[PDB]
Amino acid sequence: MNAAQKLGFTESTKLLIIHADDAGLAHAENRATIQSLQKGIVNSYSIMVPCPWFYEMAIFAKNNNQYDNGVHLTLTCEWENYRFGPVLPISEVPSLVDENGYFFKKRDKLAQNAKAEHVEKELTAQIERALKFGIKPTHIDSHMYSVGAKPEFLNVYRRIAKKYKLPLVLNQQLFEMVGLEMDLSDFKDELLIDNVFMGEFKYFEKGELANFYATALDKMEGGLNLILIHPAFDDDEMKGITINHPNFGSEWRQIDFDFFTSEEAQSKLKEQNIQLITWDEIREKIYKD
């Protein structure tokens, strides 16, 4: 059974969450995310609590709970000159940071250095700080899927989701792409996304990233589908953040925004009979009174 079937739909039902990651990263990303929710077809998003523009996004989230909002759990900081670290004091989670007190750039350095106990404390602290600011998250997911950097970290992530009775992002392809050669028999109690779609560099470098998203909607099949995007205006802030990092860089993020506010994308939902869903709806199916 695909996940649509597990959620009580027919097997051919094309369920879709159109999900903006990295809200809170930057002012341009906050503004583009908000406008893509209000004026486009994006219907869900998640927030990086450690990041410098978290407060602005937390104010929007607390006052606009109709948009499915989650916590984008953060244990890495991929940018060259724009650096951030944990919510908790460094002395409480010292295995998670480089010599400057910032998160490492790569999953493998996190796997090499981080202690599971520190991961668990810091991810719990990001969720708790979201709650303290009045956010009412409906899901948790993982920036650069760094929770998959070690099986022990994925297990911390699964336990934290159960503790807060929230759904989380799990998917066989994400597992493989972070080098996690697990077996799905351990996931009987969990809901796995059938298909996760995100932009790829080989389309971006042909100038065809927009065409990639059109093709993804054209070819969607029954099951639970998740599109992950990063809408942000390609202005000087974003160029400053994504310097020397064109993969999911500032030009790419603007393409995300434009595609998912277009008439083209909106018509494709209807033409392909795609059924939008949010994590809160999934949460309510899984966690009963």
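Residues carry their position along the shown sequence, with the first being 1.
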(message) Mean Cα B factor from the PDB record: higher for 60-68, or higher for 41-49?
(response) 60-68
(request) Check the entry's C-alpha temperature factors for 156-164 and 180-188, then say which stretch has the higher mean. (result) 180-188
(request) Please pick out which of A111, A210, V169, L73 has the largest Cα B-factor as recorded in the entry. (result) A111
(message) Per the entry's Cα B factor values, which of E205, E99, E78, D141 stands out as the maximum?
(response) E99
(message) When the deposited Cα B-factors of this chain's modelled residues are ordered and cut into thirds, is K270 in the lowest, the middle or the highest one?
(response) highest
(request) Select lowest, middle or highest to describe the third in which the CA B-factor of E221 falls within its chain in this entry. (result) highest
(request) Among all modelled residues of this chain, ranked by Cα B factor, put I282 in the bottom, middle or top third, i.e. lowest, middle or highest. (result) lowest
(message) How does the C-alpha B factor of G199 compare with the rest of the chain: lowest, middle or highest third?
(response) lowest
